[PDB]
Amino acid sequence: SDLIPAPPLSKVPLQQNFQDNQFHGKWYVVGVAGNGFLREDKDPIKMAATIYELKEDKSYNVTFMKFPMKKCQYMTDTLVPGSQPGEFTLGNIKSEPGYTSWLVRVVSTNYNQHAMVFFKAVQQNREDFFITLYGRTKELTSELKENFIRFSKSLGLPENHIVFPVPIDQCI
Ligand SMILES: [Ca+2]
């Protein structure tokens, strides 16, 4: 009853010279892909803003809709500095009563338009991973979306594990 094994970090690019002070602010989740959820027809992933606040200790406070982003419930957690700039540990992506935490690698960004971010369970026995496509706006180019499908598939994901939330539903 297990998941598609997570890729090694060797297959995941890291944004070089990551600028933490340009990555802060509001990002929309334009695309989500992962091994741990299915493209539900009658309960779709909602588009939600994610807020990054940069702290003086170079952590971020991050505010986001709880995964898997089907209920209009938000949480705040912390991105703690990882091995390099642009890589972090995140404590939680939802209510997690088990021994669970997340490695976060900013794969690519241009700060003012798009980002792609990789997440994988830290725990040795866990295979959970996902990728988010961030937009400063609710819409991104065909080119940016196709590149997200490309990256997502490169990590073993089939098409039914890749979703683009409708840039609508402010969770009324
Ligand atoms: Ca946790």
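So PDB author numbering is basically just the index in the sequence shown, starting at one, shifted up by 4.
Positions of the beta carbon are idealized from the N, C-alpha and C atoms, including for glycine.
Minimum C-alpha distance to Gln19 - residue among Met120, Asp47, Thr82 and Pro169: When only C-alpha atoms are compared, the closest one is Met120.
Just checking my contact of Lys74 with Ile49 at CB under 8 Å: how many whole Å lie between their CB atoms? Yes, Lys74 and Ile49 are in contact; Cβ-Cβ is about 7 Å, under 8 Å.
Using the DSSP secondary-structure output, state which residues sit across from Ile55 in a beta bridge. According to DSSP, which records beta bridges pairwise, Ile55 is partnered with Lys30 and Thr67.
So for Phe133, helix, strand or coil by DSSP? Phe133 falls in the strand class under three-state DSSP.
Nearest-angstrom beta carbon gap, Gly40 and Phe168 [assumed within contact, 8 Å]: Between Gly40 and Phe168 the Cβ distance is about 18 Å, and since that is not below 8 Å, they are no contact.
Sorted by chain position, which residues of the same chain lie with C-beta nearer than 7 Å to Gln26's C-beta, five sequence neighbours on each side aside? The beta carbon of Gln26 sits closer than 7 Å to those of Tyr115, all from its chain and outside the five residues before and after it, given in chain order.
Can you have a look at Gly102 and say buried or exposed, based on whether 16 or more other CB atoms are within 10 angstroms of its CB? By the beta-carbon neighbour count (other beta carbons within 10 angstroms, threshold 16), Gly102 is exposed.
Answer yes if the segment 9–17 comes into contact with the segment 117–132, meaning at least three C-beta pairs across the two stretches below 8 Å, and no otherwise. Yes: the two stretches touch, three or more of their Cβ pairs being nearer than 8 Å.
So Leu83 and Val108 are in contact, right, with Cβ under 8 Å, and what is the actual spacing, rounded? Contact holds; Cβ gap of about 6 Å.
Mind checking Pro162: buried by the 16 CB within 10 Å criterion, or exposed? With fewer than 16 Cβ atoms within 10 Å of its Cβ, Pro162 is classed as exposed.
What does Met79 pair with, by DSSP beta-bridge criteria? According to DSSP, which records beta bridges pairwise, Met79 is partnered with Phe68.
Give the range of the alpha helix (DSSP H) segment to which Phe152 is assigned. Counting along the chain, the alpha helix (DSSP H) containing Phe152 begins and ends at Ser146 to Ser158.
On the DSSP letters alone, give me the boundaries of the beta strand (DSSP E) that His165 sits inside. First-last for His165: undefined, no H or E at that position.
Proximity below 7 Å, CB of residue 3 to CB of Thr93: A question about residue 3 goes unanswered here, because the residues of the chain that appear run from 5 up to 176.
Specify the secondary structure class of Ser87 as computed by DSSP and reduced to three states. If DSSP states are grouped into helix, strand and coil, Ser87 belongs with coil.
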